[PDB]
């Protein structure tokens, strides 16, 4: 099957998606391609809410029975939310990677870190992300 790549998301080459959820907040998850490649997710290590992250910093990891993969901050900011549903139901990452399986939110204060307008420039659009995939 062709992996789902919503056109209304931005992405990283490392298979994270980024949804602007507010003026200063993005929601982050892993892509359909990513979850399928990882396999059934058995554990998601999420950063603590309040964690300051820089773009590309490892903030967590996703684990299947076969694979462990780092999760990188797609943008700089502060972790403002994490998906607690993934504690008991880590497979939401597999079943609904762009919905219920979201990982966390990063909030930007345009003072401490790049404003979202700036931060967005580093991310891939759907077409670009599709182009990176095999």
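Read the figures in this text as sums done on the coordinates, not as results from a lab. When we count neighbours, we look across all protein chains shown, and the Cβ atoms used for this are built from the backbone with ideal geometry, even at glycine.
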Residue in segment 107-127 that is buried (at least 16 other Cβ atoms within 10 Å of the Cβ), more than 16 Å from the chain's Cα centre (by Cα), outside any loop (DSSP other than H, G, I, E, B) and in contact (Cβ under 8 Å) with a residue 24 or more places away in the chain present
no
Filter segment 26-49 down to the residues that are assigned to a loop (DSSP other than H, G, I, E, B) and surrounded by fewer than 23 Cβ atoms within 10 Å (Cβ to Cβ) and list them by number.
39, 40, 46, 47, 48, 49
Tally up the residues in segment 65-93 that are assigned to a strand (DSSP E or B) and within 30 Å of residue 115 (Cα to Cα), please.
10
Just to check your reading of the model, which residue among 19, 130 is in a strand (DSSP E or B) and closer than 16 Å to residue 4 by Cβ?
19
